[PDB]
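Computed over heavy atoms, backbone and side chain alike; hydrogens, waters and symmetry mates excluded. Quick note: residue numbers are just sequence positions, from 1.
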Amino acid sequence: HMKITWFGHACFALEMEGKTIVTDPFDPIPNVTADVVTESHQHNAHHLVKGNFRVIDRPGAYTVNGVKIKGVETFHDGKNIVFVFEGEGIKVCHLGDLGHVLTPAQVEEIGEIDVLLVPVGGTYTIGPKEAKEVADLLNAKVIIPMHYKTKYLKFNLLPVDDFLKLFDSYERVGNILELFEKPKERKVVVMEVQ
């Protein structure tokens with residue numbers, strides 16, 4: 001069992017193993033108690049998250065509270081760290097602001113993913129076709145797009161519909177996705193804040 005909550009932008013709370021991971025928090029304020037906070041790139045976003053958390057903002061292999069976490073740098077000149085969370089026999093991947101299709105090394109290091117959080121807006125990150133290519137490289141089952149056109153953030157960002165048209169089906173949910181078993185099949189899930 002696990003629960004994913006979207007707070008907007010690239011900020012999600014993942015619950016697995018009686019622990020909570022928050023990715024890429026920002027300044028409606030995420031009102032949540034975390035064990036881990038990860039940051040795909042440097043910038044203090046996380047001074048309003050609660051709990052006595054471990055902040056992870058560098059690549060490598062970590063074990064925090066019985067969850068295995070792995071950071072993989074995909075760019076460094078700023079930077080982009082992809083994080084992989086392994087818990088309850090489910091592997092979750094947050095791709096950050098991934099700007100290029102993963103290299104063979106990076107695919108090899110990330111491995112097969114069960115739940116993929118993938119940017120699809122196209123200028124500042126990869127676009128829709130490259131996101132599907134990455135999803136395929138990682139054999140992703142549940143795919144959650146992010147970093148697309150919203151009401152107030154729109155300049156040079158493609159709509160999520162451009163990604164959705166590349167798949168046979170999809171589902172829309174609210175701000176929470178719960179998984180009660182390891183995903184057997186591929187499903188694109190579009191979340192919504194609220």
Side-chain angles (χ1 to χ4, degrees), residues 2-17 19-28 30-42 44-59 62 64-65 67 69-75 78-87 90-99 110 113-126 131 134 140 142-155 157-160 163 172-179 188-193:
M2 72 166 306
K3 175 157 104 169
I4 299 151
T5 296
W6 187 36
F7 290 101
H9 297 290
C11 184
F12 298 82
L14 314 173
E15 300 168 50
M16 47 176 24
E17 316 282 348
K19 299 304 174 227
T20 292
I21 297 151
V22 181
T23 62
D24 290 8
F26 55 73
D27 306 341
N31 215 347
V32 144
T33 287
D35 302 294
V36 183
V37 173
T38 62
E39 304 281 3
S40 68
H41 53 279
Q42 301 233 308
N44 185 346
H46 69 246
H47 82 279
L48 294 175
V49 178
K50 294 158 166 186
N52 297 323
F53 46 81
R54 170 52 133 105
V55 175
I56 304 175
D57 58 9
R58 290 170 184 272
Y62 314 84
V64 175
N65 300 118
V67 168
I69 302 147
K70 179 173 200 182
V72 172
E73 203 155 51
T74 60
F75 177 66
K79 72 202 180 183
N80 190 69
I81 305 172
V82 168
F83 285 103
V84 182
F85 313 95
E86 184 157 0
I90 298 185
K91 282 155 170 84
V92 182
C93 187
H94 187 288
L95 285 172
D97 295 313
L98 180 67
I110 293 161
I113 292 317
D114 300 312
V115 185
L116 186 60
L117 312 177
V118 64
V120 302
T123 290
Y124 311 107
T125 66
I126 49 171
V134 169
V142 171
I143 294 163
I144 300 157
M146 53 188 182
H147 282 115
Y148 46 82
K149 200 182 294 299
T150 63
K151 198 190 179 187
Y152 293 116
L153 205 49
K154 51 196 198 161
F155 198 87
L157 286 183
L158 296 167
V160 71
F163 183 65
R172 293 170 185 276
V173 301
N175 71 326
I176 296 156
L177 182 68
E178 287 176 72
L179 306 184
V188 175
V189 173
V190 185
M191 311 195 60
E192 185 199 296
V193 184

Student check: side-chain heavy atoms of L98 and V134 closer than 4.5 Å: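 A side-chain contact under 4.5 Å exists here.
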Residues forming a side-chain hydrogen bond (donor to acceptor under 3.5 Å, both in side chains) with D35, sequence neighbours excluded: none
When rounded to the nearest 0.5 angstrom, what is the spacing between [atom1] in [X] and [atom2] in [Y]?
{"X": "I176", "Y": "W6", "atom1": "CD1", "atom2": "CH2", "answer": "13.5 Å"}
{"X": "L117", "Y": "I4", "atom1": "CG", "atom2": "CD1", "answer": "6.5 Å"}
{"X": "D27", "Y": "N44", "atom1": "CG", "atom2": "CG", "answer": "8.0 Å"}
{"X": "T150", "Y": "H9", "atom1": "OG1", "atom2": "NE2", "answer": "7.0 Å"}
{"X": "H46", "Y": "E39", "atom1": "NE2", "atom2": "CD", "answer": "6.5 Å"}
{"X": "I110", "Y": "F83", "atom1": "CD1", "atom2": "CZ", "answer": "11.5 Å"}

Would you confirm whether [X], through its side chain, and [Y], through its main-chain N or O, come within 3.5 Å as a donor-acceptor pair?
{"X": "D97", "Y": "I126", "result": "no"}
{"X": "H94", "Y": "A10", "result": "yes"}
{"X": "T23", "Y": "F12", "result": "yes"}
{"X": "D24", "Y": "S40", "result": "yes"}
{"X": "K149", "Y": "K154", "result": "yes"}

Short side-chain donor-acceptor distance under 3.5 Å, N80 and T74: yes
Pair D57-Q42, side-chain donor/acceptor within less than 3.5 Å: yes
Shortest non-hydrogen contact from [X] toward [Y]:
{"X": "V64", "Y": "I69", "result": "CB-CD1, 4.2 Å"}
{"X": "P145", "Y": "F163", "result": "CB-CD2, 3.9 Å"}
{"X": "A34", "Y": "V22", "result": "CB-CG2, 3.8 Å"}
{"X": "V142", "Y": "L179", "result": "CG2-CD2, 4.5 Å"}
{"X": "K79", "Y": "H41", "result": "O-CB, 3.3 Å"}
{"X": "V84", "Y": "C93", "result": "CG2-SG, 4.2 Å"}

Salt bridge (charged side-chain N to carboxylate O under 4.0 Å, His left out) partners of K91, counting only residues at least two apart: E86
